[PDB]
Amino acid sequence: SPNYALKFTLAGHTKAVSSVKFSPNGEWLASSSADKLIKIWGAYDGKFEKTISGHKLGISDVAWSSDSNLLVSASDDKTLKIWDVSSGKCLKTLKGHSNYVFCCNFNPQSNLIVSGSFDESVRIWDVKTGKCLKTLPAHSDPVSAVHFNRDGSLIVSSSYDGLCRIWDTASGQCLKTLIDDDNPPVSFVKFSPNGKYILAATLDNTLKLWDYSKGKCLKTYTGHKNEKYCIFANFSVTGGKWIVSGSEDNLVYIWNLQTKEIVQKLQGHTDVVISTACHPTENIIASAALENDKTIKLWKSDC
């Protein structure tokens, strides 16, 4: 059982914090906010490093390149931006979506970016040029999450249409849809570290681990509240194998991956915890909360 304890609260943003992500090298935390800013913080001391600005509206998500040198951000302004973290300089503005961009991620090789939008499309972008290479519009309602698998060969997307789709990156063609029964809106998805499974959240207060190839659900995690916001979830692998998610009751839940038992609830936030991230090497969680809170918290555990 882990024993995460609060180490720091980070109160830079003036609005809802939308997303927190650790750099793959472990040094930095990036945060994004409805206040149009990205902030960079020291991962270990929570020390503010810089503000990155340029988006004309609220930011929904940020993601790191594999070498921790680049960020991409997804904005209500209908754009993504590629940034050089050292300079704070917008290298490229990705134009093409026709409504709010909600989610983004680089592939492992970090030559591509994938995005999803309220406009119901997934796009693949060239990082060097900033050109849209493909538009994948099969979803019939907003896209909530997009993720590359461990070698970049697949993308998974989640939608309010109630499907997850698996896409072949090279062709753009959809290989698989996961339609489970009732298909409540899907609010989050990503691939497991081993690439064989997908963790999906639905707005019926449920997280499921899916063997996507076989279309069968291995695990379900419940006890939290998730019926309105698109709350991120994580695999914690540095100590014990856990699933980490925020909750609309203002707590961070941590589940045993295998048993599905709630092992810990992190108390502290004063609004919905919309985002959580797990440090790549250390037992550290960052959580971020909505308008009545506007803070990031860093938590640390012995396992």
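C-alpha atoms forming the largest set that superposes within 1.5 Å between two forms make up the rigid core. Residue positions are given as counts along the sequence shown, with the first one as 1.
Engineer: Which segment is farther from the shown form on average in 9 other deposited structures of this protein after a rigid core fit, 176 to 184 or 89 to 97, going by CA atoms?
Structural biologist: It is 176 to 184 that deviates more in 9 other deposited structures of this protein.
Engineer: Give the stretch, out of 126 to 134 and 140 to 148, with the larger mean C-alpha temperature factor in the deposited entry.
Structural biologist: Between 126 to 134 and 140 to 148, it is 126 to 134.
Engineer: Comparing 219 to 227 with 116 to 124, which has the greater mean CA B-factor as deposited?
Structural biologist: On average, C-alpha B-factors are higher across 219 to 227.
Engineer: For the CA B factor values reported in this entry, which option in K190, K78, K81, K176 has the top one?
Structural biologist: Comparing C-alpha B-factors across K190, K78, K81, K176, the top value belongs to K176.
Engineer: Could you tell me which one of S60, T259, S31, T276 shows the highest CA temperature factor in the PDB record?
Structural biologist: The record points to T259.
Engineer: By the record's CA B-factor, is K7 among the lowest, middle or highest third of residues in the chain?
Structural biologist: For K7, whose C-alpha B-factor we compare with every modelled residue in the chain, the answer is the middle third.
Engineer: If you rank every modelled residue in this chain by C-alpha B factor, which third holds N234: lowest, middle or highest?
Structural biologist: Lowest third, going by the recorded CA B-factors of the chain.
Engineer: By the record's CA B-factor, is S66 among the lowest, middle or highest third of residues in the chain?
Structural biologist: Middle third - that is where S66 ends up once the chain's C-alpha B-factors are sorted.
Engineer: Quick check on the deposited entry: does the C-alpha B-factor of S213 sit in the lowest, middle or highest third of its chain?
Structural biologist: It falls in the top third of the chain.
Engineer: In terms of the chain's CA B-factor thirds, is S245 lowest, middle or highest?
Structural biologist: CA B-factor rank for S245: lowest third.
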